[PDB]
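Structure assessment
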Amino acid sequence: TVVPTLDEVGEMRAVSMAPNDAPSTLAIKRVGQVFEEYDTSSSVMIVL
Amino acid sequence: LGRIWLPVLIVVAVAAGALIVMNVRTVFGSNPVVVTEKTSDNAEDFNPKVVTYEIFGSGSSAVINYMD
């Protein structure tokens, strides 16, 4: 009763899939900071 | 060793498991960047070949074009 259901807690406490040690994530973040554009590592595509 | 065989074997197994954990845990990653090797040449000026242009004639002056 004190806290919400497990579904909401799992939704609001999700964890990133790839660790920060991953070379690919480091490469994407490095590209973002060097080009001074972004600082994330995840992207989506919009299709028209 | 009726009361000694169990804790010793427990410690041995724990040590083996810890060793396996330590060895394999560090293998992941460990290759984030690739740095290429550099092989340059010595930039020095010893015994440089010398090229001399000479223009002379009966005239006073001249107009000269040349390739450096």
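Structure determination for the deposited model, as stated in its record, used cryo-EM, and the stated resolution is 2.81 Å.

Under the PDB entry, the name given to chain B is MmpS5 protein, and the source organism is Mycolicibacterium smegmatis.

Named according to the PDB entry, chain A is MmpL5 protein originating from Mycolicibacterium smegmatis.

Below, the discussion takes up the overall build of chain A. Check the secondary structure of chain A and you find two helices and zero strands. Taken along the three principal axes of its C-alpha coordinates, chain A extends 50 × 35 × 15 Å. Taken over 48 residues, chain A has a buried fraction of 6%. A total of about 4,800 Å² of accessible surface is found on chain A, and carbon and sulfur atoms cover 60% of it.

Turning to the interface of chain A and chain B, a few remarks are in order. Contact residues are listed per partner, giving five residues for chain A and four residues for chain B. Here chain A meets chain B over a buried area of about 290 Å², counting both sides, of which 84% is carbon and sulfur. Applying the counting rule to chain A against chain B returns zero salt bridges. For the side of chain A that touches chain B, the class distribution of residues is four nonpolar, no polar and one charged.

Another aspect to go through is unusual backbone geometry. Residue and element names in this part refer to chain A. With a phi angle near 55°, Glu36 is a residue other than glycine that sits in the positive phi range. For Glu36, the position within the fold is in the segment after α2 (23–34). Under the relative-accessibility criterion, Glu36 is labelled exposed at 70%.

A contiguous nonpolar patch, built from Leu1, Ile4, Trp5, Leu6, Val8, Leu9, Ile10, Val12 and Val14 of chain B and spanning about 940 Å² of accessible area, is present on the exposed surface. Here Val14 of chain B is to be found in helix α1 (residues 5–25).

Okay, the environment of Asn20 of chain A next. Residues and elements named next belong to chain A. Turning to its location among the elements, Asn20 is positioned in the loop between α1 (6–12) and α2. On the accessibility criterion, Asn20 (55% relative accessible area) is exposed. When the C-alpha positions of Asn20 and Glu36 are compared, they lie 20 Å apart, and in sequence the two are 16 residues distant.

Residues and elements named next belong to chain B. Assignment of secondary structure puts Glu54 in the segment after α1. A relative accessible area of 60% places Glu54 in the exposed class. C-alpha of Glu54 to C-alpha of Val27: the two residues are 27 residues apart in sequence and 70 Å apart in space.

Here we come to the packing of aromatic side chains. The description of two aromatic rings rests on the distance between their centres and on the angle between their planes. All names here are of chain B. Tallied over the entire structure, the rule returns one aromatic pair over all chains. Ring centres of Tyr53 and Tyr66 lie 5.7 Å apart, and the angle between their planes is 55°; this geometry places the pair in the tilted category. In this pair, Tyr53 is assigned in the segment after α1 and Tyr66 in the segment after α1, connecting sequence segments 13 residues apart. We note that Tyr53, like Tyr66, is exposed.

What counts and what doesn't
Residues numbered from 1 in each chain as written, not as in the entry; some residues may be left out. Chains lettered and ligands numbered in written order. Part of a larger assembly, values for the part shown. Heavy atoms only, no water. Residues with missing side-chain atoms left out of burial classes, pairs and counts. Helix = DSSP H or I, 4+ residues; strand = E, 2+ residues; numbered from the N terminus. Buried < 20%, exposed > 50% of the residue type's maximum accessible area, 1.4 Å probe, protein only. Areas by Shrake-Rupley, 256 points an atom, 1.4 Å probe, with all protein chains shown as cover. Contact = heavy atoms within 4.5 Å. Buried area = accessible area lost by both parts, 1.4 Å probe. Salt bridge = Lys/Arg side-chain N within 4 Å of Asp/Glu carboxyl O. Nonpolar A, V, L, I, M, F, W, Y, C, P; charged D, E, K, R; others polar. Patch = residues over 30% accessible without salt bridge, like charges linked within 9 Å, V, L, I, M, F, W, Y side chains within 5 Å. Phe/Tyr/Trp six-rings, centres within 6.5 Å; stacked < 30°, edge-to-face > 60°.

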